[PDB]
There are 2 protein chains.
Amino acid sequence: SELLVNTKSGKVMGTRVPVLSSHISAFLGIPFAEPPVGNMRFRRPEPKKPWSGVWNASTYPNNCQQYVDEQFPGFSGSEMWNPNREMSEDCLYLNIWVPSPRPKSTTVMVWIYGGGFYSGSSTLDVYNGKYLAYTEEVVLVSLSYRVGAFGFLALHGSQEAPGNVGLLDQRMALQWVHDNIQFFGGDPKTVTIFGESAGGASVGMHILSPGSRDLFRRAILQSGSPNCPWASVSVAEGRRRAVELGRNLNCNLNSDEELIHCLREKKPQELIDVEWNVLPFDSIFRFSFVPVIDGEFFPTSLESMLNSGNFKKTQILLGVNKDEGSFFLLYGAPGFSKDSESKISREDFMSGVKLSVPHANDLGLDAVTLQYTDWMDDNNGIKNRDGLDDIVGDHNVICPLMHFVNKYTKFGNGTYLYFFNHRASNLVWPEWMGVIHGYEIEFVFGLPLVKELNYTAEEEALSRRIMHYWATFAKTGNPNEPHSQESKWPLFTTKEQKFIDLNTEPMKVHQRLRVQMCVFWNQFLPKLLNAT
Amino acid sequence: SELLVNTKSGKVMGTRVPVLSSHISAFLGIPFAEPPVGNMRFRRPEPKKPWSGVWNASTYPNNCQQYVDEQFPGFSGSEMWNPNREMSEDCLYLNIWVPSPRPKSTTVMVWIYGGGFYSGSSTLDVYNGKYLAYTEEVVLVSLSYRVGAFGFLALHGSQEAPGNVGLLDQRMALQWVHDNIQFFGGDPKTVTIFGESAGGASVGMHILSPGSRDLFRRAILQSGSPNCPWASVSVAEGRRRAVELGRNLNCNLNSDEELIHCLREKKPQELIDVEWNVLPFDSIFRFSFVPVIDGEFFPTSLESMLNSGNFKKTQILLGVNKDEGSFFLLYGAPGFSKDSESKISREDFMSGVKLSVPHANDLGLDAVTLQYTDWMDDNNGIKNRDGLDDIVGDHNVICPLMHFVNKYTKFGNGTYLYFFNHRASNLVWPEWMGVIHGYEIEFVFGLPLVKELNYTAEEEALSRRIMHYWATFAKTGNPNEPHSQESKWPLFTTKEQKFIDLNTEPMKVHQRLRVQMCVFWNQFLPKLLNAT
Ligand SMILES: *[C@@H]1O[C@H](CO)[C@@H](O[C@@H]2O[C@H](CO)[C@@H](O)[C@H](O)[C@H]2NC(C)=O)[C@H](O)[C@H]1NC(C)=O
Ligand SMILES: *[C@@H]1O[C@H](CO)[C@@H](O[C@@H]2O[C@H](CO)[C@@H](O)[C@H](O)[C@H]2NC(C)=O)[C@H](O)[C@H]1NC(C)=O
Ligand SMILES: *[C@](O)(c1cccc(CSCc2c(C)nc3cccc(F)c3c2N)c1)C(F)(F)F
Ligand SMILES: *[C@](O)(c1cccc(CSCc2c(C)nc3cccc(F)c3c2N)c1)C(F)(F)F
Ligand SMILES: *[C@@H]1O[C@H](CO)[C@@H](O)[C@H](O)[C@H]1NC(C)=O
Ligand SMILES: *[C@@H]1O[C@H](CO)[C@@H](O)[C@H](O)[C@H]1NC(C)=O
């Protein structure tokens, strides 16, 4: 049978699913590790022990335990990201969409979801891989990984909760794809990992980590970079938050053993309930449990690894959306609301910058404020709002990614950069939020090809080009069709720094993506904060 | 006789001079102090002892001893500022142009020349007061004052060379105008002092100095402000340069008395020859001997005097020219020359910023550089050149003046601000220098009304409006004709901050003159340099 695949962990049975008036196979909920429950909670994952019989892979698996957004009950804009399956610590599974008839050896794409390292699911409707597997003829995999304290509690030195275990979950799923994807018609020497936000940062972390470099061929990073200020913490800061988490649950705190023991007896929801109480600052865009710079997964600081070329050398395709600050300002800064235009007062403007650059002293907060204020119109509410969106997005996503691409390109084998700014025709979030985080995922996964979703024809066309760029790049290291007639996405070089806009209009090539602001965030502000 | 005036210091005899096909009287070279020669060198000036007979006031007096520009022999652009009379320490005289027939009691205007406190003359062709006395029916006075070491050598504590004596020379001439201008038909209760560059800064210093406030009614400041970073030094820095000047002339240095004694035996040219060797930094736009913040002429720091309203409350009219950096960059920064377009390399751009902000540490030099560099085109030679012009002009003239006007306006009785940007039709300096320092003096003094000078008709028209604005303001505290039909120059208020452009086109009103850059120079850079 075409839905029966024999793998090294055992036999797996899929299900035929319909797609755009045709059908493909889907193997959902394949386990790739032992359930990390009980005394295994916080521990490195272990490989799934082979099984006898046939694993029923016809339905989505549980989603990892995580914070659930309840800010807008009923609003599809936020609910679409929440877990859509029961939550469970038993959640280490992966999903595979396979073209039909079964390929013999084709390009494999492995999706890594975002969610700030504190949430995320591989089973969301926006991540359904059938449209892309089907259209681009690729075997599409989406993996899963522990988030929150479950995936990132870090007591460096201890082997019981060493940190980075969520990164090891991703790695294990990639090891499983490397070892078994051939049986699904996938080419293991051509796997491209790709992900967005924390997923984009994770992709970059596997590029840096010696232990992960050999499990894939190429990478795509969307609105996420490994050096993002919210993506990692030192071992000391991780230890500090683990202890603080412990203090919030009345734990015995005088040994890592007592602390861990205590945390392991607590129900998932008890950890999730106080997880935000451990942040060191009153901040925005900062998450409690994230990767730690431990000397193992990451041998040295990310910046020195980047400077010395200590990373996998291959091709990468990456980019950002125009409005990377909107979402977090809405959720956490004063003056913003979902149902108003959110014009921001000078007073809220400054409270916002304070929330956005937590680690800044006053001279630093003054530098950011000077840098983004138009002093001829300092009380313009729209300018203040838009200014904050740029500050949050530049500082947290755009400038860290521009720093990463410029550093990577000096040693890599090819870089392609994009700036996605298509203005949705079907606004679900208010208009002031602009081209919000994740809106491009809809095109990468080809949702515009389904009529019942109401996208414009030009959006369907945009979706097909994006999907073909991603897939062609995954197959070859180049998003462009060899000798095609379409406009050529240029390679980004350390000298000319070209990138393209990604929207419904004729491709336009630009240079030095947001250099003016990024020289401020990557060069000036840091030197200033270090002097003072 | 109309050319014979009897004053409190004695009888004075003038000369009839022709002007625009008519004639007025001129009393040139009237002495207002004892010659500050010999043991009087460096000392406070003393009042001129009355004389018997008739003082021949028919020819210009000597010019004070000073550095002579020889950078461009023959070039009229530079030669026009050099002394045009014998130089002599015996130089404390004033000139008066009086309408004919003699007024009974009219508006008096007193001109104070610029020259960085190290040079300047009241006898230059650009300062000939006949066109303005004649056209606006004002009694026009130009005074003179000691410059360089002769006027500003400062050994605070000593009564032999206390500092600020050049400022006391100006004051004495104003005391003489206050006491005698009635005999020339001048109204002593309506004297407006006005000056440019160091002359503009001096005007502001008389506004601050309790000892000078009662000698005049109103003030006009052009490209000069009392708080300009080059306009004053602390008593310690003045003492330091006096000692260093002494060391350059082999003086006995162990007592102010020995030092002064030594400096007094030296010929004028010996002091002028080493005067530039005492600057503390490799700088641009810094002069050796300038006013000192001594606790007398200035009771406390200029900034605290400005904050507390410790200054004369009256009306003021002031402004800048578009290109206040050109002249000093030409003379002192690498990459600039008079006969090339002076496109500036990135390398010279940074050497220039270094020369322009002498007192800056590296984080500071980085802040200026970030602030004026367009990172999408960092190697554009024209942008780099123009960027330097803005840095020099903003830092040295525009931003200090904007700080002064905003502070003054909080307590003053009326402020009028201008931004002069007329593009000369008769370029004498290269075009890249733009609307250079002092080009507006030509219009204030009405040179465009004389045909042999070749100005365009619209320039003659501009000259007549400027002269009438200055004169009407001097007469009334308002540059505008009561109920006129011409566009109204608006009052500058702390709230709306309006100013006008001054050029050959229809008056255009703007707001917040260069706020963006001046918030950087007046607020951010200083806080940064103080932290670090
Ligand atoms: C990616 O790597 C390949 C191979 O390592 C590079 O191709 C080589 O290019 C150099 C110079 O053009 C030639 O001397 C070799 O003959 C090429 N080798 C092969 C197998 O083609 C290629 O230039 C790299 N691309 C980028 C963007 O760095
Ligand atoms: C300059 O000062 C004059 C007088 O000190 C101000 O005129 C006074 O204005 C207030 C409010 O309009 C009145 O109560 C007085 O009756 C006025 N006095 C006179 C003599 O007119 C004038 O407002 C000031 N102008 C500016 C620009 O500050
Ligand atoms: C990233 O992983 C990230 C980026 C943007 C939002 C979040 C919040 S958590 C789940 C989620 C995601 C991944 N994307 C969204 C896009 C738009 C609106 C949303 F509500 C939404 C949501 N919830 C996480 C990082 F956090 F690293 F920025
Ligand atoms: C000011 O007093 C000043 C401003 C500009 C130049 C100088 C140099 S000294 C004599 C002089 C003056 C007053 N103005 C000029 C304008 C244009 C070209 C010139 F060559 C020139 C000259 N020499 C002094 C201060 F120094 F304070 F900036
Ligand atoms: C797999 O599970 C689904 C739903 O739980 C069920 O309908 C289907 O029949 C199962 N297949 C087998 C053979 O277990
Ligand atoms: C004044 O001086 C000028 C030139 O030195 C001379 O021509 C003129 O006659 C003098 N007048 C008197 C009366 O001294």
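Note on naming: letters A, B, ... go to the chains in the order of the sequence lines (proteins, then strands), and numbering restarts at 1 for each one.
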Check: Are the side chains of A:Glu296 and A:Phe298 in touch, meaning some heavy atoms are under 4.5 Å apart?
Finding: no
Next item on the list: Find the distance between CG (A:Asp179) and CG (A:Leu174) and round it off to the nearest 0.5 Å.
Entry: 11.0 Å
Check: Any side-chain heavy-atom pair from A:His437 and A:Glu196 closer than 4.5 angstrom?
Finding: yes
Next item on the list: With A:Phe152 as reference, evaluate A:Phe42, A:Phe297, A:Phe117, A:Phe289 under the ring-ring contact (aromatic ring centres under 6.0 Å, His included) test and give the passing residue.
Entry: A:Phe117
Notebook entry, point to check: Taking side chain as C-beta onward, heavy atoms only, is A:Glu270 less than 4.5 Å from A:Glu265?
Noted result: no
Item checked: Pairwise distance NZ(A:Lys48) to CD(A:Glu46) - rounded to 0.5 angstrom -> 12.0 Å
Next item on the list: Answer whether the closest heavy-atom distance between the side chains of A:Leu462 and A:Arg465 falls below 4.5 Å.
Entry: yes
Next item on the list: Taking A:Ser202 for its side chain and A:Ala198 for its backbone only, find out whether a donor-acceptor pair lies under 3.5 Å.
Entry: yes
Next item on the list: Check side-chain contact (heavy atoms from CB on, under 4.5 Å) between A:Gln315 and all other residues, then give those that pass, not counting sequence neighbours.
Entry: A:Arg218, A:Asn413, A:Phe473
Notebook entry, point to check: Would you say the side chain of A:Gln170 lies within less than 4.5 Å of the side chain of A:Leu167, judging by non-hydrogen atoms?
Noted result: yes
Next item on the list: Indicate whether any N or O donor in one side chain lies under 3.5 Å from an N or O acceptor in the other, for A:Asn503 and A:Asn421.
Entry: yes
Item checked: Evaluation steps, side-chain hydrogen bond (donor to acceptor under 3.5 Å, both in side chains), between A:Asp69 and A:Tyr331 -> CA-CA 10 Å; A:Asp69 184 13; A:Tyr331 279 64; 2.6 Å; yes
Item checked: Minimum heavy-atom distance A:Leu259-A:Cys251, with the two atoms named -> CD1-CB, 4.1 Å
Next item on the list: I would like to know whether A:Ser288 and A:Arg241 meet side-chain hydrogen bond (donor to acceptor under 3.5 Å, both in side chains); could you show each step before the answer?
Entry: CA-CA 7 Å; A:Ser288 298; A:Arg241 297 167 181 197; 5.3 Å; no
Check: Please, which pairs that meet disulfide (SG to SG under 2.5 Å) have at least one residue in residues 58-127 of chain A, sequence neighbours excluded?
Finding: A:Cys64-A:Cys91
Next item on the list: Decide, yes or no, whether a salt bridge links A:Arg240 with A:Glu237 under the criterion of side-chain N to carboxylate O below 4.0 Å.
Entry: yes
Note to self: With a 4.5 Å cut-off on side-chain heavy atoms, are A:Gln71 and A:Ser78 touching?
What the structure shows: no
Margin query: Which heavy atom of A:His422 sits nearest to which heavy atom of A:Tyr439, and what is that distance?
Written below: O-CE2, 3.2 Å
Next item on the list: Check for a donor-acceptor pair, side chain of A:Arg213 on one end and backbone N or O of A:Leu208 on the other, with a separation under 3.5 Å.
Entry: yes
Item checked: Contact summary for A:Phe216 and A:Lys312, nearest pair of heavy atoms -> O-NZ, 2.9 Å
Notebook entry, point to check: Can you tell me if A:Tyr127 and A:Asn95 form a side-chain donor-acceptor pair at under 3.5 Å?
Noted result: no
Notebook entry, point to check: Checking side-chain contact (heavy atoms from CB on, under 4.5 Å) for the pair A:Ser100/A:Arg16: CA distance, chi angles, key distance, verdict?
Noted result: CA-CA 9 Å; A:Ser100 179; A:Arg16 187 139 210 264; 4.1 Å; yes
Notebook entry, point to check: What distance do A:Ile436 atom CD1 and A:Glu324 atom CD have between them, rounded to the nearest 0.5 Å?
Noted result: 10.5 Å
Notebook entry, point to check: Judged by modelled atom types alone, do A:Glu481 and A:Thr472 share a side-chain donor-acceptor pair under 3.5 Å?
Noted result: no
Notebook entry, point to check: How close do A:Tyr145 and A:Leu92 get, heavy atom to heavy atom, and via which atoms?
Noted result: CA-CD2, 3.9 Å
Checklist line | Worked verdict on A:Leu330 versus A:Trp429 for side-chain contact (heavy atoms from CB on, under 4.5 Å) | finding: CA-CA 11 Å; A:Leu330 168 61; A:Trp429 285 94; 3.3 Å; yes
Next item on the list: Please lay out, stage by stage, how A:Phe27 and A:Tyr93 fare under the test ring pair (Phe, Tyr, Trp, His ring centres under 6.0 Å).
Entry: CA-CA 11 Å; A:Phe27 300 78; A:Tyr93 302 79; over 10 Å; no
Next item on the list: Specify the closest pair of heavy atoms between A:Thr190 and A:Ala474, including all atoms of both residues, with the distance to one decimal.
Entry: CG2-O, 3.6 Å
Checklist line | Charged N-O contact under 4.0 Å between A:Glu160 and A:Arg264 | finding: yes
Notebook entry, point to check: Side chains of A:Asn227 and A:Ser225: is there a donor and an acceptor less than 3.5 Å apart?
Noted result: yes
Next item on the list: Inspect the surroundings of NZ in A:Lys338 and state if more than 12 heavy atoms from other residues, nucleotides or ligands are less than 6.0 Å away.
Entry: yes
Checklist line | Aromatic centroids of A:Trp97 and A:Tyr131 separated by under 6.0 Å | finding: no
Note to self: So does A:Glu2 get a backbone contact from the side chain of A:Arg102, meaning a donor-acceptor N/O pair under 3.5 Å?
What the structure shows: yes
Margin query: Under the side-chain contact (heavy atoms from CB on, under 4.5 Å) test against A:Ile316, which residue among A:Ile220, A:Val203, A:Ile207 passes?
Written below: A:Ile207
Notebook entry, point to check: Excluding sequence neighbours, so at least two apart, what forms salt bridge (charged side-chain N to carboxylate O under 4.0 Å, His left out) with A:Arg217?
Noted result: none
Next item on the list: Report the distance from atom CZ of A:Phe32 to atom OG of A:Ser144, rounding to the nearest 0.5 Å.
Entry: 4.5 Å
Note to self: Under 3.5 Å, is there a donor on one side chain and an acceptor on the other for A:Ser58 and A:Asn56?
What the structure shows: yes
Margin query: Under 3.5 Å, is there a donor on one side chain and an acceptor on the other for A:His261 and A:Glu257?
Written below: no
Next item on the list: Determine the minimum heavy-atom distance between A:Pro268 and A:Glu89, stating which atoms define it.
Entry: CG-OE1, 3.8 Å
Notebook entry, point to check: Would you call A:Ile441 and A:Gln222 a side-chain contact if the rule is heavy atoms closer than 4.5 Å?
Noted result: yes
Notebook entry, point to check: Do the charged groups of A:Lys451 and A:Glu460 touch, with an N to O distance under 4.0 Å?
Noted result: yes
Next item on the list: Answer yes or no: are there more than 12 heavy-atom neighbours, outside A:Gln269 itself, under 6.0 Å from its atom CD?
Entry: yes
Check: Does any donor atom in the side chain of A:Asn277 or A:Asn248 lie under 3.5 Å from an acceptor atom in the other side chain?
Finding: yes
Notebook entry, point to check: Between A:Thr123 and A:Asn63, do the side chains contain an N or O donor and an N or O acceptor separated by less than 3.5 Å?
Noted result: yes
Check: When rounded to the nearest 0.5 angstrom, what distance separates OG in A:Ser425 from OH in A:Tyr455?
Finding: 8.5 Å
Next item on the list: Would you mind reporting whether A:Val292 and A:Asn164 have side-chain heavy atoms less than 4.5 Å apart?
Entry: yes
Next item on the list: May I have the step-by-step check of side-chain contact (heavy atoms from CB on, under 4.5 Å) for A:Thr7 and A:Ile30, ending in yes or no?
Entry: CA-CA 11 Å; A:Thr7 80; A:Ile30 294 169; over 6 Å; no
Next item on the list: For a ring-ring contact (aromatic ring centres under 6.0 Å, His included) with A:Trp470, tell me which candidate from A:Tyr418, A:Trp111, A:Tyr416 qualifies.
Entry: A:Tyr418
Check: What distance separates A:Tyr118 OH from A:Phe287 CZ, expressed to the nearest 0.5 Å?
Finding: 5.5 Å
